[PDB]
Amino acid sequence: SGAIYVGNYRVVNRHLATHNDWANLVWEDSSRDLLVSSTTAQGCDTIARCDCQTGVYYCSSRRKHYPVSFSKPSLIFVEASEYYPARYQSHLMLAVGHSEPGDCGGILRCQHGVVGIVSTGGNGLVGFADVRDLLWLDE
Ligand SMILES: COc1ccccc1CC(=O)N1C[C@@H](C(N)=O)CC(F)(F)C1
Ligand SMILES: [Zn+2]
């Protein structure tokens, strides 16, 4: 579990979105596994606007943060799950690191702020849904 709170927005993995998220929907994209909903309280996360390929992520299955080198956002094949059939997920960045399904929502941060959230994993790899291109999160 986990979300990003920036201004009047809440960013979560689309497959983990709640009834409230869907009732206050701003935007959603199945191909990215992202959903943004509105909030009544004000958020203070800083979204990074950069091309960093190093950062730190939170891994709930280990109660620890880990430093990682990660790839540039791209289309990556993802196996079928209970939420999606087998497909290419876009705007995904991979890194070598531990992750389990419950780790989704954990934040990846670089020196500039929030980069994205855990969205996929398996076999010693962890994938993050990028949020740095969503310029509207700020205005
Ligand atoms: C962090 O996730 C994992 C880590 C280790 C092993 C397995 C996973 C799970 C995983 O990759 N998915 C894909 C994900 C998606 N974005 O399509 C949806 C899902 F969470 F239900 C299953
Ligand atoms: Zn950065």
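Residues numbered from 1 in each chain as written, not as in the entry; some residues may be left out. Chains lettered and ligands numbered in written order. Heavy atoms only, no water.

Structure determination for this PDB entry is given in the record as X-ray crystallography, at a resolution of 1.576 Å.

**Q** Explain the overall build of the chain to me, please; I cannot follow it from the model alone.
**A** A tally of helices and strands in the chain yields one helix and 10 strands. Sequence-ordered secondary structure for the chain, helices as α and strands as β, is β-α-β-β-β-β-β-β-β-β-β. Its C-alpha atoms give the chain a radius of gyration of 14 Å, within 12% of the compact-globule value 14 Å for 139 residues. Dimensions of the chain along its principal axes, counting C-alpha atoms only, are 40 × 35 × 30 Å. Taken over 139 residues, the chain has a buried fraction of 43%. Summarising the internal contacts of the chain: among those between residues at least 6 apart in sequence, 57% fall at separations of at least 24. (Helix = DSSP H or I, 4+ residues; strand = E, 2+ residues; numbered from the N terminus. Rg over C-alpha atoms; globule rule 2.2 N^0.38 Å. Buried < 20%, exposed > 50% of the residue type's maximum accessible area, 1.4 Å probe, protein only. Contact = heavy atoms within 4.5 Å.)

**Q** In this structure, what is going on with the site of ligand 1? I would like to understand it.
**A** Among the 17 residues in the neighbourhood of ligand 1, the closest are listed as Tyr 83, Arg 87, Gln 89, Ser 119 and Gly 121. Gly 121 is positioned with one of its backbone polar atoms (N or O) 3.1 Å from an oxygen atom of ligand 1. The fraction of the free accessible surface of ligand 1 (490 Å²) that becomes covered by protein chains is 85%. For the shell around ligand 1, the element with the highest residue contribution is strand 9 (residues 113–122), accounting for five residues. Residue classes in the shell around ligand 1 are distributed as six nonpolar, eight polar and three charged. (Near = heavy atom within 4 Å. Polar contact = N/O pair within 3.5 Å; in protein donor to acceptor, adjacent residues only side chain to side chain. Areas by Shrake-Rupley, 256 points an atom, 1.4 Å probe, with all protein chains shown as cover. Nonpolar A, V, L, I, M, F, W, Y, C, P; charged D, E, K, R; others polar.)

**Q** What am I meant to see in the sheet that holds strand 8 (residues 107–110) here?
**A** Each strand in a sheet pairs with another by means of backbone hydrogen bonds, the pair being arranged parallel or else antiparallel. Judged by pairing direction, the sheet is antiparallel, and its seven strands sit side by side in the order 5-4-8-9-10-7-6 without closing on themselves. The open sheet is flanked by strand 5 (64–69) and strand 6 (74–78), the only strands paired with a single partner. On average, each strand axis in the sheet is tilted by 50 degrees relative to the strand beside it, whichever way the strands run. The pairing of strand 6 with strand 7 (residues 87–96) spans four bridges and is antiparallel. Bridging across to strand 7, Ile 76 finds its partner in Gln 89. (Pairing = 2+ DSSP bridges. Axes fitted to C-alpha atoms, helices over the stretch in contact; angles between N-to-C directions.)

**Q** Teacher, can you tell me more about the packing of aromatic side chains here?
**A** Given two aromatic rings, one states the distance between the centres and the angle between the planes to describe the pair. Summed over the entire model, instances satisfying the criterion amount to six aromatic pairs. Pairing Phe 70 with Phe 128 gives two aromatic rings, centres 6.5 Å apart and planes at 65 degrees, and the pair type is edge-to-face. One end of the pair, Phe 70, is in the loop between strand 5 and strand 6; the other, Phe 128, is in strand 10 (residues 125–130), with 58 residues separating them in the sequence. The pair formed by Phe 70 and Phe 128 is uniform in burial state, with each residue classed as buried. One cation-aromatic arrangement involves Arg 87 over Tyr 84; the distance from NZ or CZ to the ring centre is 3.9 Å. (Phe/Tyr/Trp six-rings, centres within 6.5 Å; stacked < 30°, edge-to-face > 60°. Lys NZ or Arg CZ within 6 Å of the ring centre and 35° of its normal.)

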